[PDB]
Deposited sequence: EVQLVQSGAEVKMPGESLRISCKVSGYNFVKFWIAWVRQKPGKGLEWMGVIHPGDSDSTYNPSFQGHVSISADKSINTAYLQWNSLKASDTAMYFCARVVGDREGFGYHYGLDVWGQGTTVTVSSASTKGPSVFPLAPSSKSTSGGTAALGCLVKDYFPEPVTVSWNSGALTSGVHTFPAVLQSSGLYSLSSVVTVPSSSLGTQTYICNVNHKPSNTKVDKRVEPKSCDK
């Protein structure tokens, strides 16, 4: 089986160097080109460049050239994507992929037939930081009420949110986090419940931020006058 195994998730500061790897198996590494593809969070695919392992002369997309380097070490079946100085704009998922083409020396390429699992790169001025958890308190309003928790200013991803220690699952929505201009993430977790349950049923959001070993249990109540 042909496999492309990429290195683990990276969390870096602007100006730091970084080399991510793609180790291949199941075929002759020098008989196929390798491509690198960038995918920004919630965005489409962008071709970065290609390398023919061995005759290490890399071809770049002009918009990527100069800021990133593509190289390969045929002795260890590994392709690399490398930056000397990261920018917050380098935050994205990176994929390596095997290129397929003709068998007659035309130099034609058809596409990327086998892809690596991807490597997430997060570039931010922030250091590890646990979230502040604020209530999204239900209004004095078919008889459905909404309540939630605002999980603010944490780094890096991820946070998990459960409600009433996992007993409350129906109607729960935990939104994807947004990376704020400060370099810290923010997300909200909400639940719709019967309005008649407000003040009779306890609602607690259980937030866990494993990177900072932060566990917060926030009781969410209607705001008193």
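Colleague: If you line up the deposited sequence with the model, which stretches have no C-alpha coordinates?
Modeller: Residues missing from the model, as numbered along the full deposited sequence, span 142-144, 229-230.
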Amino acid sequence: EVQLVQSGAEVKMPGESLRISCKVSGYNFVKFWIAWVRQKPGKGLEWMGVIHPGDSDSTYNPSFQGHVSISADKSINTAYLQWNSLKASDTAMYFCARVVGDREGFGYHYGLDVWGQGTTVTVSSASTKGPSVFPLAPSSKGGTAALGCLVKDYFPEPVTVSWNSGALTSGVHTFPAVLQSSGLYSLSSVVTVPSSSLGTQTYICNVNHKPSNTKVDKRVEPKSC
From here on, numbers count along this sequence of modelled residues.
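Colleague: Is the mean CA B factor in the deposited entry higher across 32-40 or across 58-66?
Modeller: That would be 58-66.
Colleague: Take the C-alpha B-factors listed in the entry for 84-92 and for 148-156, compute each mean, and give the stretch with the larger one.
Modeller: Averaged over C-alpha atoms, the B-factors run higher in 84-92.
Colleague: Between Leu187, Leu45, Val191, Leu179, which one tops the list for Cα B-factor in this entry?
Modeller: The record points to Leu179.
Colleague: Lowest, middle or highest third: where is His209 by Cα B-factor in its chain?
Modeller: CA B-factor rank for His209: lowest third.
Colleague: Against its chain's modelled residues, does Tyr108's Cα B factor rank lowest, middle or highest third?
Modeller: It belongs to the middle third of the chain when residues are ordered by C-alpha B-factor.
Colleague: Name the third of the chain's ranked CA B-factors that contains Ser25, choosing lowest, middle or highest.
Modeller: As the PDB entry reports it, the C-alpha B-factor of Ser25 lands in the highest third of its chain.
Colleague: Taking the entry's C-alpha B-factors for this chain, is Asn164 in the lowest, middle or highest third?
Modeller: Lowest third.
Colleague: Of the three thirds of its chain by CA temperature factor, lowest, middle or highest, which one includes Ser170?
Modeller: Tercile = middle for this residue's CA B-factor.
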